[PDB]
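Participant: My questions will all concern the structure given below.
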Amino acid sequence: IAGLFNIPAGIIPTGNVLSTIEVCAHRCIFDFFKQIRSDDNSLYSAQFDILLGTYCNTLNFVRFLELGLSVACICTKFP
Amino acid sequence: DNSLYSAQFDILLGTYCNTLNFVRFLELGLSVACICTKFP
Amino acid sequence: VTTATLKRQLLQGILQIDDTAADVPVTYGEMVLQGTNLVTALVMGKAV
Amino acid sequence: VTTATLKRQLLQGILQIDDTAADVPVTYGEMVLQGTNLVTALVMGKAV
Amino acid sequence: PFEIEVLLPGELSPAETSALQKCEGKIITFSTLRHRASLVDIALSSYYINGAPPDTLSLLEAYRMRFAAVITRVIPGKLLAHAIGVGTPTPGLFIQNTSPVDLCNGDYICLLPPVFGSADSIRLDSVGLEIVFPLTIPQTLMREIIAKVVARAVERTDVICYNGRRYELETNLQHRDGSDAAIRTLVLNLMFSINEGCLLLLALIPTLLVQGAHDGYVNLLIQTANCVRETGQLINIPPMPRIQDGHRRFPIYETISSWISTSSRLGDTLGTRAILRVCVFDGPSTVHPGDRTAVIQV
Amino acid sequence: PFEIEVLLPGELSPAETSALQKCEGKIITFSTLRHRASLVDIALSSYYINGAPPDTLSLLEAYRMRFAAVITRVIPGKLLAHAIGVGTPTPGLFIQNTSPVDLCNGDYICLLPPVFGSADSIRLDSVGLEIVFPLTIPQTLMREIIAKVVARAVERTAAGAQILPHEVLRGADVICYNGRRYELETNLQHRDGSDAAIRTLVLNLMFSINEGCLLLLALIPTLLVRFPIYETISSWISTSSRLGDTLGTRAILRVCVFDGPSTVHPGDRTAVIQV
Amino acid sequence: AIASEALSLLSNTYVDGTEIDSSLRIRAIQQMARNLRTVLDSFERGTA
Amino acid sequence: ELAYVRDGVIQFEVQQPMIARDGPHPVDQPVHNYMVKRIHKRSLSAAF
Amino acid sequence: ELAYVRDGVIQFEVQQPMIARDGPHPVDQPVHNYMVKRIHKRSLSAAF
């Protein structure tokens, strides 16, 4: 049972099957066989999800010299 | 790491429908079996 | 958020008031789905 | 589709040949998603 | 670097594909090694012996015969995996812990069927098969489990303390073809550890009991043992024979050497052998169940 | 390539430095692999358990759980080493012979704690630690060496336990290899390591074997023409299996000599290939 | 750390030009930059 | 781009005509049916 | 259009800093975790 997209999903079709025959006989061919008698329900309910945005942090940095601890030692470079 | 790099999705390959035809009584050969008329 | 009793008990000598007036927005911030949102919510079933 | 033996057995006197040459398309016909299809499958995960 | 590609069956449900993606660093077995294989070999249905699901004693024999493989990154279509047994360099190999017991650095890994509670295993309804993954414990815990399983086998025809925690085993012996086979390989090792030199070592029991006291250490050796403690005060042990050619021969040399090779073969033929060594660089010293570690090929 | 650097300590006597220069191609055994390590992991101090110095039976278990390495070059202020572990492609790997037996081409290398004589080692009195190097013997001789040493110790206990000794014998034991005899432990006196490091080794060996040809004699009395009877079996299997894993034999290196002398004597250095 | 697919996408050396991986390459570069900017400040922090 | 898409779908639609008959028969109604279908995947390979 | 909303969600990401050090400790690496949460719907009513 896939039924991912809406089943009626009225949009521009890309042709037409003629086939001039009942389809109810051959039932074990399609994945889902939905048969409405005449204008039943579940044809007008538009259920959907919605995303309301995302958020993130900043993660500032810190240097050793801006710290007050740097007045406890005399640092130097030595390759 | 492979935790958020997936890009899997589903797609719809279009749709399909059909249209029926209409028949009239006079275009059939059974119309030469009787004489029909309208009486409101 | 407290009761009036605790409010008075706090405001008498415990806390100090800073202001008796404030500036409050008067907007509701409306948004409505439109554009491609409608066409992707009708045929797919999701919206952003 | 059949075996060459049955093909000859059908072509001798059972069936009649209509034509020896035919007109066949020469291109495959491709499709690639573009435009608004490259943005919806990334955020939602549904394309059309 | 040798790898084998397991072609996953099509039309798989999305739920099973996610569950298969959970099994990142587990171990699978193969009957015949090949670059391309099918899912039927990994399935438990392939372990069947006559017509039925296998036994814990039959599984121990299938583990020795079958080749070993390690799962790696799985994609939606294919299932990658590397080989272990054959000598092949593999950089950065890792295994997921499946045993309830913790592991640390420098532990040898063994491979035994699930003897504890019902094995957690992926089940496929659409395909119709299920795959059971083997269980991995260290060497010390391995030798204790085999000892109690074999003893229970002789009984028919349990509690193990590890790190101050007790466990239990639900051994399964619904078959009989494999149970008597373990009895054969057992007595054949005891029978080949008897030479002309036992008499001397069997005559040193009284001085051992004397050394047992005022030592404070041999007592623990004596308490665990049962035979020598009982025979020490019940048999006379006639004094001594002579040697056929004692002018050039050393009779106690064979027995002390004939037993060395026998004991080494005992730990492997009875169960399985060591397959891996765990040694993680820049990682924790002790791993918890469910986490992964970097291991080295033995 | 993975390499381990051992930090040389400051304020070291020049005599101890010169002696460290001598042990170029010797084997170090590391507990946990790391690019930076301290001398405490190399010294014997890291090896002993339960406070007391380590035992031969304990040393055998140490060599399995612990990872080995090989010194490459020493520096007046630094010490380097390479691993024989996971996948390292060590180039120009050479080792120094530490055993009194000679080696030839195509001989695999194993390890052994020092049993024959007193182990030589560097001793650093200033820092207060010493570093013991393992013995490197071929494979074919390893299984025979162990069986001869233990059998020698049981002979001593028998001569003491028995009221009279059964002295009549073949002479002196000797290990021959490449037409060279070793004639180990000539004298009966000087019981240096008789029961000093192989004491517990003989004990565990004297009990499992005694349980061996006794359990069978108490289970099938047909061989020679209140009681558990099963816990003894499980205990015997668990012990004999562990003892076998202890006295294992796993080669670590292979002596592959190119454009050089085939046979090599104690003290020489040869290029070896990682097995 | 760097991932296998990331390094594979980066080692292409102009063997591409499609529209899908043009985003994956950008995201891999962004992830690398995000990780490196913090690995660098790790040393400034561990000094103290 | 075929290896990325997962669970594609297709759907159809058919409406059946009806006949107007009266008497001792229950009245009829129009017909509208709705059906869908999924995908399968297979690959080819060769050596050199 | 709140009457037609089927389980909206919101997610967000946060990353931690990293400290550098040495000694007998395992080395750190930056970690990234992602969180996502759902919504809750309730109604109000009155009579007349």
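Participant: Please state the relative contact order of chain I as a whole percent: Cα pairs under 8 Å, 6+ residues apart? Display every interim value, and only then the final one.
Facilitator: On the way: 40 pairs, mean separation 20.3, N = 48.
Dividing the mean separation by the residue count of chain I yields 42 percent.
Participant: Could I ask something else about it? Under a cut-off of 27 Å between alpha-carbon atoms, report the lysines in cross-link reach of A:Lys77, not counting same-chain residues fewer than 8 places apart.
Facilitator: F:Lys78
Participant: If you average over every viewing direction, what projected area does the convex hull of the Cα atoms of chain H give, in nm²? Write down the numbers at each step before the final one.
Facilitator: On the way: hull surface 25.7 nm².
Taking a quarter of the hull surface, the average projection is 6.4 nm².
Participant: Here's something else I'd like to know. Please check which bits of the range E:235-263 a label hung off F:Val168 would reach, taking the label as a point 7 Å along Cα-to-C-beta and the cut-off as backbone N under 17 Å.
Facilitator: The answer is E:239-252.
Participant: Sort C:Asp23, F:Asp55 so that the residue with the fewest other Cβ atoms within 10 Å of its own Cβ comes first and the one with the most comes last.
Facilitator: Neighbour counts put them in this order, fewest first: C:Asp23, F:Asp55.
Participant: Arrange F:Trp236, E:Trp259 by Cβ neighbour counts within 10 Å, fewest through most, would you?
Facilitator: Arranged by neighbour count, lowest to highest, F:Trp236, E:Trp259 become F:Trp236, E:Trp259.
Participant: For helix G:21-47, what angle does its Cα long axis make with the longest principal axis of chain G, in degrees from 0 to 90 and rounded to 10?
Facilitator: The angle comes out at about 10 degrees.
Participant: Right, here's the next one. Give the residue from I:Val27, C:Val39, E:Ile42 lying farthest towards the positive end of the charge dipole for the protein assembly as shown; charges sit on Cβ (+1 for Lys and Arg, -1 for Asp and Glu) and the dipole is referred to the Cα centre.
Facilitator: Of I:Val27, C:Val39, E:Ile42, it is E:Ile42.
Participant: Ignore the peptide's own chain and count Cβ atoms of other chains within 10 Å of each Cβ in H:10-21; give me the average, rounded.
Facilitator: The per-residue average across the peptide is 6.
Participant: Within 10 Å, Cβ to Cβ, of F:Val74, how many net charges do the neighbouring residues add up to if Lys/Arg are +1 and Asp/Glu are -1? Spell out each step's value before the answer.
Facilitator: Numbers: positive: F:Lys22, F:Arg73, F:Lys78; negative: F:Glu24.
With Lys, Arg at +1 and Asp, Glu at -1, the net is +2.
Participant: Oh, and also: Under a crude label model (7 Å from the Cα following the beta-carbon direction), how far is H:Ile19 from D:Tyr28 in nanometres?
Facilitator: Between H:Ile19 and D:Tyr28, the simple spin-label model gives 5.0 nm.
Participant: Ok, one more. When the dipole is taken about the Cα centre of the protein assembly as shown, and only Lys, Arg (+1) and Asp, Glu (-1) are charged at their Cβ, what size is it in debye, to the nearest 20? Mind showing how you got there, number by number?
Facilitator: Values: 78 positive and 87 negative charges, 150 e Å.
Value, rounded to 20: 720 debye.
Participant: Set the Förster radius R0 to 35 Å, insert the Cβ-Cβ distance between F:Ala15 and F:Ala68 as r into 1/(1 + (r/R0)^6), and round the FRET efficiency to 0.05.
Facilitator: 0.80
Participant: Provide a whole-number value for the mean count of partner chain Cβ atoms within 10 Å of the Cβ atoms in peptide E:277-289. Walk me through the numbers before you get to the answer.
Facilitator: Working: counts 5, 0, 5, 3, 9, 8, 2, 1, 3, 0, 0, 0, 0.
Per-residue shielding by partner chains comes out at 3.
Participant: Once the other residues with Cβ under 9 Å from the Cβ of F:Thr98 are scored (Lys, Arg +1; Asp, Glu -1), what is the net sum?
Facilitator: 0
Participant: Run the numbers on the range F:57-97 and let me know its relative contact order in percent, using alpha-carbon pairs under 8 Å that are six or more apart. Walk me through the numbers before you get to the answer.
Facilitator: Details: 28 pairs, mean separation 12.6, N = 41.
Relative contact order of the range F:57-97: 31 percent.
Participant: While we're here: Tell me, how many Å apart are the Cα centres for the range I:2-18 and for the range E:185-241?
Facilitator: Computed from Cα coordinates, the inter-centre distance equals 73 Å.
Participant: Same structure, new question: Averaging over every viewing direction, what projected area does the convex hull of the Cα atoms of the range E:173-298 cover, in nm²? Before the final figure, lay out each step's value.
Facilitator: Working: hull surface 60.6 nm².
Answer in nm², one decimal: 15.1.
Participant: Take peptides H:7-14, I:37-44 and line them up by average Cβ neighbours within 10 Å, highest first, as a rough protection proxy.
Facilitator: Ranked by mean Cβ neighbours within 10 Å, highest first: H:7-14, I:37-44.
Participant: Let me ask something additional. What is the average number of partner chain Cβ atoms found within 10 Å of a Cβ in A:69-75?
Facilitator: The per-residue average across the peptide is 1.
Participant: Mind giving me the FRET efficiency for A:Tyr44 and I:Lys41? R0 is 22 Å, r the Cβ-Cβ distance, nearest 0.05 is fine.
Facilitator: Numbers: r = 20 Å, r/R0 = 0.93.
FRET efficiency, A:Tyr44 to I:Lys41: 0.60.
Participant: Can you compute the label reach from F:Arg156? Point 7 Å from Cα along the Cβ direction, backbone N cut-off under 16 Å, restricted to the range F:169-195.
Facilitator: F:173, F:184-195
Cβ atoms come from the backbone with ideal geometry, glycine included; neighbour counts cover every protein chain shown. Quick note: the coordinates plus some simple rules give every number you see, no bench work behind them.
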